[PDB]
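Chemist: just the structure for this:
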Amino acid sequence: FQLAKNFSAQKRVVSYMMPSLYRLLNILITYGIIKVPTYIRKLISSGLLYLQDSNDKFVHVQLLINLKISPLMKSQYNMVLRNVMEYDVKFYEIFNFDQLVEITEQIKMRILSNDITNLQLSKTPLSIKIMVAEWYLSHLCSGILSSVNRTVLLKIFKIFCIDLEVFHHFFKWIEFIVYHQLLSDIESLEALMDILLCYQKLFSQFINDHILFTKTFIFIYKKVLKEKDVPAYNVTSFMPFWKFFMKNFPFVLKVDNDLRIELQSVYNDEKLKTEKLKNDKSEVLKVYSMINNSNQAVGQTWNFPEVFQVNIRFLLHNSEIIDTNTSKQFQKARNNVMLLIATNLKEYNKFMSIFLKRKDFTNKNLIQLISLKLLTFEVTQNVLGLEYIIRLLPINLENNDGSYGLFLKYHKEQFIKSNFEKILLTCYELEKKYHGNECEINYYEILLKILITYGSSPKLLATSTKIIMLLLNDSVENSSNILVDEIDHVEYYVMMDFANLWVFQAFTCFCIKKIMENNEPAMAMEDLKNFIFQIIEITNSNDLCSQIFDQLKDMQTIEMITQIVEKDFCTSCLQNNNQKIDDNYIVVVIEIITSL
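Modeler: Numbers count the residues shown, from 1 in each chain. Here you go:
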């Protein structure tokens, strides 16, 4: 509508959802002509000026991703009708051509900074970016030379910024797979992208070929200088494919079996020091400085120092040296796990490395588990959120996995963090992180119990009316998610607003119910429990929503206590009986009453 802050966030978020739906909807079941006819019919209604109507049509018409031949007559004509009081006004199609030229010029040579700027400029129009991606995709496919190293990360990362060509990136990756193979080090890095893909990987439906492609890479490798040949990231992906695929094939099974054995054999032969020395010598390129004795003692410090100094700047003349250093560090770790752990522990104790520098180090070689086990309070906050704006290897999975793994550690940190409340840094960050973390975390069944447990503790923990107001903050954050003294009924209405993200609502309801039930008087519970339940149910007055609310209240109560839930059912049964009792006398409103 017009000038509504609450409405705008929902509508705006709704507008982004609608744009995604338009992209997906158009590809499988949508008509360009039917959509245009509907928009034309809609303007007619808005002959009298309406602030809300004009903006929506322009916004939807602006990025419908219509075919260029079909769109020009229709889109331009539509714009002409709505030209009065329109910022875009005339020549919308020309803007698309200009945007395509800007995208193309930057893409062909350099312009890494320019590409980022182009997205910022083109944030307003989604459609222009989509057209540009196709041109970019064709150029990449045509070049005979195989993409490698940083360019692949940059090429995909840059493309990643434009939302529309999700498929294009996958197609390009497959073609790279179809095409002659790139450098081996890059290939290991490339898989990282596949791992990040997760469920989205399934959409491509090139899995049979992919297995074949993976095997082909195994067949293809010849001139590889890495003795270790670690396949853990790749082995994990193969394991996911076996579990995910749930099928047996001749080509896939033999390749998977062959890949596990080589890694096991290298680890077993890992103890021998001749292989370790030989691998180390090639990277070092000096025969005399074997450093076979106490390699962890000296090399780790060198690896720690050499890597740390140039990684942040990322201006190194040679791409080869950093990779060599990383390989050496990995080899030492593989050679002695205990020694590697000791070295990692030693580095933390020294504390000669900046927290920002440490985060970058964790992304590539350092273990998150070691950082997680022992860390500074300030460091822990830094550890939770990492900045990936600068080009870097994807670290999306480790962070995602830790978050998915537990609810007790994060809650504990927030509680400890919340108490200090000082220096306007860590404390401020912790409050933001906890709110952000809950929203970020998926409402998994296992997660919901943890979420309910934490939410209940938060609600239960507050001993003041003012804090009660603070929860208000959580609902607003949930319904926003952008980077006098009243009593129980308002809270009930707030609980009532909810659509799907019910973990918080359920926790609040459960806490309220528990408090009401525990009035310490047998007589008191009946008087309050019945009234609270009826008001909550009466206020909902609905079908699906009411069912959810009852279930949530019932579910939360049952989860907290099996017996308490049973007690609620008895109270509910008594409440139901009272409603049933009226039935003989009342003879009215059966449909509304029965459904609830």
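
Chemist: all contacts plus neighbour counts: C-alpha atoms, from now on.
Modeler: Noted.

Chemist: list the helices and strands the strand or helix carrying residue 475 packs on?
Modeler: Assigned by DSSP states H and E, residue 475 falls within helix 465-480. Applying 3 or more CA pairs under 8 Å, 6 or more residues apart in numbering; DSSP states H and E, one finds that helix 465-480 makes contact with helix 5-29, helix 426-440.

Chemist: against residue 431, how distant is residue 593?
Modeler: According to CA to CA, to the nearest Å, residue 593 stands 43 Å off from residue 431.

Chemist: between the two, which has more neighbouring residues?
Modeler: Legend: neighbour count by other CA atoms under 10 Å for residue 593 and residue 431, higher for residue 431 (16 against 13).

Chemist: got a list of what that one touches?
Modeler: Residue 431 makes contact with 414, 418 under the criterion CA atoms under 8 Å, 6 or more residues apart in numbering.

Chemist: related to what we said a few turns ago, what does the helix holding residue 475 contact?
Modeler: Contacting residues not belonging to helix 465-480 are listed as 9-10, 435, 439, 459, 462 [CA under 8 Å, 6+ apart].

Chemist: need the contact list for residue 340.
Modeler: Contacts of residue 340 were listed using CA under 8 Å, 6+ apart, and they are 296, 332-333.

Chemist: which helix or strand contains it?
Modeler: Once you assign secondary structure using DSSP H and E, residue 340 falls within helix 337-350.

Chemist: what's the spacing between that helix and its chain's center?
Modeler: Centroid displacement of helix 337-350 relative to its chain, using CA atoms, centre = their mean, to the nearest Å, is 31 Å.

Chemist: just the CA coordinates of that helix, formatted as CSV?
Modeler: In CSV, the C-alpha atoms belonging to helix 337-350 read as follows (Å, rounded to 0.1, in the frame of the first residue of the first chain):
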residue,chain,number,x,y,z
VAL,A,337,48.6,-36.2,13.8
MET,A,338,49.8,-35.8,17.4
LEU,A,339,52.6,-33.6,16.4
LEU,A,340,50.3,-31.5,14.3
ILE,A,341,47.9,-31.1,17.2
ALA,A,342,50.8,-30.1,19.5
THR,A,343,52.0,-27.5,17.0
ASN,A,344,48.5,-26.1,16.7
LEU,A,345,48.2,-25.9,20.4
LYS,A,346,51.6,-24.1,20.6
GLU,A,347,50.6,-21.4,18.1
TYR,A,348,47.5,-20.6,20.2
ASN,A,349,49.5,-20.2,23.4
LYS,A,350,52.0,-17.8,21.8
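
Chemist: after it comes which helix or strand?
Modeler: The next secondary structure element downstream of helix 337-350 (using DSSP H and E) turns out to be helix 355-364.

Chemist: what is the helix or strand following that following helix packed up against?
Modeler: Where DSSP H and E defines the elements, the next helix or strand beyond helix 355-364 is helix 368-373. Applying 3+ CA pairs under 8 Å, 6+ apart, one finds that helix 368-373 makes contact with helix 337-350.

Chemist: what angle do the helix it packs on and helix 355-364 make?
Modeler: Computed with axes from the mean of the first three to the mean of the last three CA atoms, to 10 degrees, the direction of helix 337-350 lies at 170 degrees from that of helix 355-364.

Chemist: grab the nearest non-local neighbour of residue 83.
Modeler: Counting by CA to CA, 6 or more residues apart in numbering, residue 83 lies nearest to residue 89, which is 5.0 Å off, once chain neighbours are set aside.

Chemist: now do the helices in the stretch 1-150 of the chain.
Modeler: Assignment of helices within the stretch 1-150 of the chain using DSSP state H, counting those that start in this stretch yields the ranges 5-29, 32-45, 51-62, 69-81, 92-108, 112-121, 126-142, 150-161.

Chemist: mind listing what's buried along the helix holding residue 475?
Modeler: Of the residues in helix 465-480, those buried by neighbour count under the rule 16 or more other CA atoms under 10 Å are 471, 474-475.

Chemist: go through these and name the one nearest residue 124.
Modeler: Within those, distances to residue 124 taken as CA to CA reach their minimum at residue 475, with 28.9 Å.

Chemist: how close does that closest one sit to residue 412?
Modeler: 22 Å.

Chemist: with residue 304 instead?
Modeler: From residue 304 across to residue 412, the span is 32 Å (CA to CA).

Chemist: do residue 554 as well
Modeler: Computed as CA to CA, the residue 554 to residue 412 distance reads 27 Å.

Chemist: the more surrounded of those two?
Modeler: When neighbours are counted by other CA under 10 Å, residue 554 and residue 412 differ, and residue 554 comes out ahead with 21 against 12.

Chemist: my guess is that one meets residue 564, correct?
Modeler: No. With contacts counted by CA atoms under 8 Å, residue 554 stays clear of residue 564, the gap being 9.9 Å.

Chemist: remind me which helix or strand residue 501 belongs to.
Modeler: Remark: residue 501 resides in no helix or strand, with elements defined by DSSP H and E.

Chemist: what kind of secondary structure is the closest residue to it other than its chain neighbours in?
Modeler: Nearest in space to residue 501, with sequence neighbours left out and distances taken as CA to CA, 6+ apart, is residue 443 at 7.7 Å. Using DSSP: H, G, I helix; E, B strand; the rest coil, the structure places residue 443 in coil.

Chemist: ok, residue 443 to residue 69 distance?
Modeler: Remark: distance between residue 443 and residue 69 (CA to CA) = 44 Å.
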